[PDB]
Student: 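Quick one: the structure is below, questions incoming.
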Amino acid sequence: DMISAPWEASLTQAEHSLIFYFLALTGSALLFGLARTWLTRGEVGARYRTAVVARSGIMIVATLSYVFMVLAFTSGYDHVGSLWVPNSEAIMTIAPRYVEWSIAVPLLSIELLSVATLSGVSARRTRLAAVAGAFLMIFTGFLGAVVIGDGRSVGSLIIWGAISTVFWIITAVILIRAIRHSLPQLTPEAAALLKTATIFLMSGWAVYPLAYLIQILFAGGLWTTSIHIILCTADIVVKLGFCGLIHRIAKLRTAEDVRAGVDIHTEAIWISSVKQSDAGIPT
Amino acid sequence: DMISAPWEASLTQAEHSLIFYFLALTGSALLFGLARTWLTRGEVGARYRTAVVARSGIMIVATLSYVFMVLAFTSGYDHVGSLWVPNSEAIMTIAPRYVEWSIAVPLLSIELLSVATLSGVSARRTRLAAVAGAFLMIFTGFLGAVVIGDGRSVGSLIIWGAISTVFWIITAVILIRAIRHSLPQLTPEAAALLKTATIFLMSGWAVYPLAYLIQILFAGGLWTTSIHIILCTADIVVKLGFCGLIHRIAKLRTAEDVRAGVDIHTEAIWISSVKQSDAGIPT
Amino acid sequence: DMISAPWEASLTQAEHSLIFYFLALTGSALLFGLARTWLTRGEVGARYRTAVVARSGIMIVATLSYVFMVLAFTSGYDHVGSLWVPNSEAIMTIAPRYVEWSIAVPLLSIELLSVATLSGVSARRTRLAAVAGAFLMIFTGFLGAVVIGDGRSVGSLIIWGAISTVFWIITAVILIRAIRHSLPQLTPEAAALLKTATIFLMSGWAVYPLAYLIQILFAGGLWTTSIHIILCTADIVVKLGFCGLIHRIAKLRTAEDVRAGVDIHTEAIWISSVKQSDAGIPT
Amino acid sequence: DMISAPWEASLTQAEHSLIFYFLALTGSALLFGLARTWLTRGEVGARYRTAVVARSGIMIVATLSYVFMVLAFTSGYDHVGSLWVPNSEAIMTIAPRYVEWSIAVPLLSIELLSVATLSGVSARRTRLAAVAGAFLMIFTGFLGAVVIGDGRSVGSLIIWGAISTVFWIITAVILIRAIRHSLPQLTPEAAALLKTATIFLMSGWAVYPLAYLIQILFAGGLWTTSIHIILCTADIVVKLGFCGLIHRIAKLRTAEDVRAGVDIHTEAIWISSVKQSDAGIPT
Amino acid sequence: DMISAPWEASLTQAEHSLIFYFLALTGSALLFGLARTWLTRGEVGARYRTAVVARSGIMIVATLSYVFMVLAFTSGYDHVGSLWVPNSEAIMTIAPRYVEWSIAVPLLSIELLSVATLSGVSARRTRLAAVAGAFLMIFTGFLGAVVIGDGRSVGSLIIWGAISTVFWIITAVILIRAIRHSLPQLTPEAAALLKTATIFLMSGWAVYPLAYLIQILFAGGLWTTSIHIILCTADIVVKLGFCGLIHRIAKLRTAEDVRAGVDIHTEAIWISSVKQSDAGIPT
Ligand SMILES: *C/C=C(C)/C=C/C=C(C)/C=C/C1=C(C)CCCC1(C)C
Ligand SMILES: *C/C=C(C)/C=C/C=C(C)/C=C/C1=C(C)CCCC1(C)C
Ligand SMILES: *C/C=C(C)/C=C/C=C(C)/C=C/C1=C(C)CCCC1(C)C
Ligand SMILES: *C/C=C(C)/C=C/C=C(C)/C=C/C1=C(C)CCCC1(C)C
Ligand SMILES: *C/C=C(C)/C=C/C=C(C)/C=C/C1=C(C)CCCC1(C)C
């Protein structure tokens, strides 16, 4: 059957206002996250610098995405009467997300495996497979939701959604299997945090498919608002919450290495205002 | 009853000029603050780096808020005759503030608890509760003032204002209780500054609700100008004044740690052209 | 009587070209200055880091000001016939200066007292008084020249000019008294430079009031060009010249501290290709 | 014979969407790459800093290129009916690539020779010859494809394509001869990676000429989409893949130098979560 | 007699394309140069940091200039028929150069004297005289070519050109005399490079007056293209070539100081993959 794309529904002044708030809130929060990433990049050892690199990429891409979207929002809707009517630039308030997710979901997978105990070419097979799975899941989703059918075809939305879901399961299994292998080889305190962070990431990835089911099932300005709120909220929680969790595991692992003599760190490491390791100079 | 939103009043050339000055002054001052934050980030220990992270986020978000607003001012008012008439972009000269405050007030709470003596999961409960309270206070305010009623409904403004005030009291109590617990455990010199900084932040938070009462009670170009001046002024004083106070406490606490052997700092710490601690080398 | 605001005069192609050159030249020079400030920030001790902070703020705000003005120039004049006719945003080619000066003149006062021998709360008193005086001098000027009268009233220009001049004398006395107290307590070489820098700053502050007297006395495209040239030139000389002088005094004072054991500096200090102090390691 | 330039074909909503995705994806990935380059610049010794410099230039130029192109895409196609019709700004969605490649291909050659064993004036002859060849190959291509004939002449496309191909062979021979001389003088582990990286770069350079043959042979919206996808994909693989490979060789060579006493490095070097060298202090 | 300003000639699609390429190529190359300057700023001692400061300013200003010009090109010409017709924004594709040169030529003089053996107030007289001469040469040129006559008067072009040439000779003599005094006091290897760099800078300064003689003698789209190519090419060669040469002399001088005990450098210095000096610790 046919449906109306989320970007093809007229918004009341409330709905217009809420959407601008959330878009701008999310873009702001991600710019904070970018600063935080750069300001705390030296708390982690070079053995774990991939986590900083991934997180930096996530924050940059996502910040651009939201800037674009906020601007395309101001130019995608015009206040005809009491309602705001979508232009052609309305789709540019939703479509940039998939660009962002195409970079971010692969990078989030890398961030997670960064602090796991995989090394050498083993930390290459899993990394490629995850990156592949992650990108393919977003790309298949983009096809169903924006490209094939114009985001107005239920059958396209359902088919490509199912494809995207297969890749989800694949990526998720790969990651979870990798973590499950690492947990035994980490210290208890690290292993515990890494389990939590795996749960958080997977659980946060479950929210995004809900914004997809809405597009299939419900159309309206309420539902366009819902989608924006859900996705914006999810972004703040995942890209601020999860990226803080990985930094703490990287810090904790750095500190463990320092104590073990595996490496030396220029500054002391504090986690929760407790000193984990002291500063040291190359002997 | 029904009233006119601050952004729905025609400005005289004076009022237009004053508003552009203050908007631009505030945006400029916050960009100075951002530079100051980055240039002085290494004066503080890693045990207190959260203060610089919070302050950096505050300065960044607030700076883009004001940039947006300054641009939306130049495009939100058209010089019909001697007066400037508000367009649709007029609300974009006021609404972005709430986006900024939604990030900033939570971050200001974090900045304050950064230099208090809470640690571990204790420095997590309070931090989440404050962040929650702070965000909810701004968000409820945004609803009354921009969303529910279009900022033209007294009853909406009064109801959501009262809600926002409850969350204010909650956040304030949480913070003040946290500080009151820390003061005994700080050194006299730090405790004194931390008391002051708590008073300054709370006192500065009282000014913002006045701009809200104006919107309820008075409409006009004078009153739109008043609101802009009050809020701009408050921003400069709180986001420059308070953020300097927390940096001094962080520096003083760093210096105390250095003297106690709790940690080492690469550079000497000067506060008021008095040396607080010397530079040291890791082990 | 009534006059015509500087931004209300049609420019010949010469005058249009000269103004664009100077605006762009000044904006470029200030961007060079900003780079220079960041690139040389580590030549100075932490006891004098306020000088870098002030100078960084000056350069940033002034650079934005000129960017804004250059853009408002390209869009504020339309080539009707041989002449360029001012639009409504012609005033945006002159008004942003006062925003800049409102930040910069206070910051320049701070930069100067940074390298003087005032310490503790004594530094605070003088710093607040100067900052107050400086801002009030610019703000009163802005009122007379842009706000009260629309920059078309001689009596407003004369009254607010006189007010602004009182605050000038106040700020100048405060600063000069502070310097005169420091000179005895500095080393001869530093004292000499600090005297010079005081003369340079005060002397440079005398040029700006001339652009104000023009606006009162003469109107025309020649006179609008004169104002732009004078103010642009003054900005380059004061914000490049003076800010270099303070850096040399900060470097020289850093070097004196290093030699005295008051502090240690990571790199050697060179002034005029003469080594002032050697690099040292913390303890 | 007369043919239609890639930028002179109307795109279906699918093709429009795909192209925007890929353009934006590539621009995002290159901005990630730029961050990665800056964040990992200190993993390499100063003997190999040219690799970082080249890679930084590549990432910056390419990121600008894609930003320009993404913006020119939004303004180069107007949605007349179901199809998007190319404007005059359509050529600005394709032509900027050649600007980018004119910088990037020479820089990629430099990046490769950076980690080879050529030194002194020998590392000047080869470097100039390669830079010359590389630039001339792109420039001759630009002439055929954009300038001489307007990208609508088969004979121009064929002639300048053949010229560009001669320069390709020249550059490729120069590079390959340089590598083949270095491989024997490198350590096995480095030599192996350097062989691989040479194959990757040369192989990636083969993809770009395919987008050229399309322009000669096929015109259409499908083919304009194909060109964009091919070139975007190639950019991500070459500018992320290859630039990672050279960094690993630079890290490995740094680590070898550290172990040999040829130099000292401030931080330990990890490659694949295996420590290659320890951190050391100057003398 | 009267002539047509370079910006008053209609461009064929070829000429339009070539000009956009070169403008964009030059802007890109200068952005690479800016990155290179920042990435290699720590290879040089603090005794020679002026070279980095000058080079940074050059690259920044020149990059802005070209960005402005590239944008003014896209908006300065309208595709009437097969030809592109210049509007009022066409002059903004040529005039910004003189702003850039007004900063850059003085800065290039400073960069050169940075690595010569002048010190104290001696390194002040020459520096001011050169800066004066350099700026006056560009400014007099701007008058003849853009301001006095509108770039349409041969006699103005000839008179101001002759003035500009006098200042050229003055600056050149000052510089050459300074170098000729330094060469004897440098080490052979440095002296040789410094001679070369002097020749390169002076020789590159000779190219710019040719673009001026064209404007006097020839008008046309070919000739406006020629001017753009010549000036763009000259910029790449001088601003990238010369600024590399000065960095090598600064590195070599740093290394000589390190070996002599005049100073210590934190990193080893490599020039052409040959180690010039080792890394050292302050004490
Ligand atoms: C920071 C951004 C994140 C974590 C985005 C995640 C997005 C997904 C996990 C998307 C998954 C999808 C499906 C499984 C079904 C089809 C629709 C998608 C693309 C939303
Ligand atoms: C830097 C910005 C700051 C400190 C902003 C603070 C804003 C408040 C404390 C707002 C509080 C409000 C109420 C208590 C009542 C409703 C209106 C609000 C949102 C202004
Ligand atoms: C870098 C900018 C500087 C130093 C600006 C300084 C401006 C002044 C000192 C202005 C003073 C004025 C008066 C004393 C009279 C009224 C007019 C003013 C504002 C120009
Ligand atoms: C990162 C960008 C890269 C590596 C671009 C490479 C481009 C080429 C190798 C282009 C070569 C061409 C020919 C050999 C024939 C004519 C067409 C060209 C310019 C595409
Ligand atoms: C990177 C920019 C540089 C080096 C620019 C240099 C420009 C000149 C040396 C210009 C000189 C001129 C004359 C000597 C006479 C005619 C007018 C000028 C301005 C082109």
Side-chain angles (χ1 to χ4, degrees), chain A residues 46 49, chain C residues 39, chain D residues 33-60 106-120 123 127 131 182 186 190 194 197 242-258 260 262-269 271 276-277 279-280 282, chain E residues 31-45 48-49 51-52 55-56 59 240 243-255 258 265-280:
Chain A
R49 185 161 309 149
Chain C
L39 288 170
Chain D
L34 182 54
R36 172 159 72 135
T37 296
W38 226 272
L39 288 171
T40 61
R41 62 189 198 299
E43 301 182 352
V44 169
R47 186 176 184 175
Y48 311 103
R49 185 160 309 150
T50 314
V52 179
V53 166
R55 188 182 319 118
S56 299
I58 296 161
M59 254 54 223
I60 294 176
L107 282 184
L108 285 165
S109 312
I110 288 172
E111 199 179 7
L112 179 75
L113 293 180
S114 186
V115 287
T117 69
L118 269 76
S119 66
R127 192 137 56 124
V131 167
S182 301
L186 290 149
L194 184 64
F242 175 81
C243 284
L245 279 174
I246 299 294
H247 193 76
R248 177 150 83 112
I249 302 169
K251 285 175 57 177
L252 183 72
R253 288 251 283 167
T254 305
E256 289 163 1
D257 289 354
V258 169
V262 174
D263 212 344
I264 71 98
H265 199 250
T266 49
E267 56 149 84
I269 297 177
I271 300 176
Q276 304 299 334
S277 71
Chain E
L31 192 51
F32 161 62
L34 182 54
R36 168 163 153 236
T37 296
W38 231 269
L39 288 171
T40 61
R41 61 189 170 113
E43 301 182 353
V44 170
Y48 311 103
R49 184 159 309 150
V52 179
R55 186 180 27 251
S56 299
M59 300 318 301
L240 290 193
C243 284
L245 293 183
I246 299 295
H247 191 77
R248 178 175 170 207
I249 302 169
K251 285 175 56 176
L252 183 72
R253 288 251 282 167
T254 305
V258 169
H265 199 250
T266 50
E267 151 218 297
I269 297 177
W270 296 82
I271 300 176
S272 312
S273 296
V274 184
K275 205 184 188 183
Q276 304 299 334
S277 71
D278 302 350

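Reminder, nothing fancy here: chain letters follow the sequence lines and each chain counts from 1. The basis for the numbers below is simple: all heavy atoms, side chains too, and nothing from hydrogens, waters or symmetry mates.
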Student: Rounded at 0.5 Å granularity, tell me how far OG in D:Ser277 sits from CG in D:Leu252.
Tutor: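 Taking OG in D:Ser277 and CG in D:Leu252, the distance rounds to 9.5 Å.
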Student: Indicate yes or no: at least one non-hydrogen side-chain atom of E:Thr266 is less than 4.5 angstrom from one of D:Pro282.
Tutor: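 No, their side chains stay 4.5 Å or more apart.
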Student: Considering non-hydrogen atoms only, spot the tightest contact between E:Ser56 and E:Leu34 and give its length.
Tutor: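 Distance-wise, the nearest heavy atoms are O-CD1, 3.9 Å.
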Student: Are the side chains of D:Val115 and D:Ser182 in touch, meaning some heavy atoms are under 4.5 Å apart?
Tutor: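 No, side chains not in contact.
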Student: For E:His247, give me all partners under side-chain hydrogen bond (donor to acceptor under 3.5 Å, both in side chains), at least two apart in sequence or on another chain.
Tutor: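 side-chain hydrogen bond (donor to acceptor under 3.5 Å, both in side chains) check on E:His247 returns E:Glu43, E:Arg55.
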Student: Can you find a pair of side-chain heavy atoms, one from D:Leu112 and one from D:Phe242, that are under 4.5 Å apart?
Tutor: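 D:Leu112 reaches D:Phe242 side chain to side chain.
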Student: Step by step, work out the side chain to side chain contact (heavy atoms under 4.5 Å, CB included) result for D:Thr50 and D:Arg127.
Tutor: CA-CA 12 Å; D:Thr50 314; D:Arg127 192 137 56 124; 4.0 Å; yes
Student: Measuring only between side-chain heavy atoms, which start at C-beta, is D:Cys243 closer than 4.5 Å to D:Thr37?
Tutor: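 No; the side chains remain at least 4.5 Å from each other.
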Student: Is the closest side-chain heavy-atom distance between E:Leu240 and E:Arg36 below 4.5 Å?
Tutor: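 Yes, close enough: below the 4.5 Å cut-off.
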Student: Just by modelled atom types, is the D:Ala116 backbone N or O under 3.5 Å from a matching donor or acceptor in the D:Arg253 side chain?
Tutor: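 A pair under 3.5 Å: yes.
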Student: Minimum heavy-atom separation for D:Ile269 to D:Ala255, with atom names?
Tutor: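 Heavy-atom minimum between the residues: CD1-N, 3.7 Å.
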Student: Should E:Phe32 and D:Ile58 count as side-chain neighbours, where that means a heavy-atom distance under 4.5 Å?
Tutor: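 Counting from C-beta outward, E:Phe32 and D:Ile58 never come under 4.5 Å.
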Student: Compare every heavy atom of E:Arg248 with every heavy atom of E:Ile271, then report the nearest pair and how far apart it is.
Tutor: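 The answer is CG2-NE, 3.6 Å.
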Student: So, for D:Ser114 and D:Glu111, which heavy atoms are closest and what is the spacing to 0.1 Å?
Tutor: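 Distance-wise, the nearest heavy atoms are CB-O, 3.2 Å.
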Student: Grab the two heavy atoms, one from D:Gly45 and one from D:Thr254, that are nearest each other, plus how far apart they are.
Tutor: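 Nearest pair, atom of D:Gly45 first, then D:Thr254: N-OG1, 2.9 Å.
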Student: For D:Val52 and E:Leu39, work out which heavy atoms get closest and say how close.
Tutor: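 Closest heavy-atom pair between D:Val52 and E:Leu39: O-CD1, 4.1 Å.
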Student: Strictly below 4.0 Å, N to O, side chains only: are D:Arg47 and D:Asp263 in salt-bridge contact?
Tutor: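 Here D:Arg47 does not pair with D:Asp263 in a salt bridge, since their nearest N and O are not under 4.0 Å apart.
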Student: Test of understanding: with side-chain hydrogen bond (donor to acceptor under 3.5 Å, both in side chains), list the residues that count as partners of D:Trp38, not counting sequence neighbours.
Tutor: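 Testing D:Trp38 for side-chain hydrogen bond (donor to acceptor under 3.5 Å, both in side chains), a comparison that skips the adjacent residues, returns none.
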Student: Tell me every residue that passes salt bridge (charged side-chain N to carboxylate O under 4.0 Å, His left out) with E:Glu267, counting only those two or more places apart in sequence or in another chain.
Tutor: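 So E:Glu267 forms a salt bridge (charged side-chain N to carboxylate O under 4.0 Å, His left out) with D:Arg49.
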Student: Kindly check if the number of other-residue, nucleotide or ligand heavy atoms within 6.0 Å of CZ (D:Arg41) is above 12?
Tutor: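 Yes - once you tally the heavy atoms of other residues, nucleotides and ligands closer than 6.0 Å, there are more than 12.
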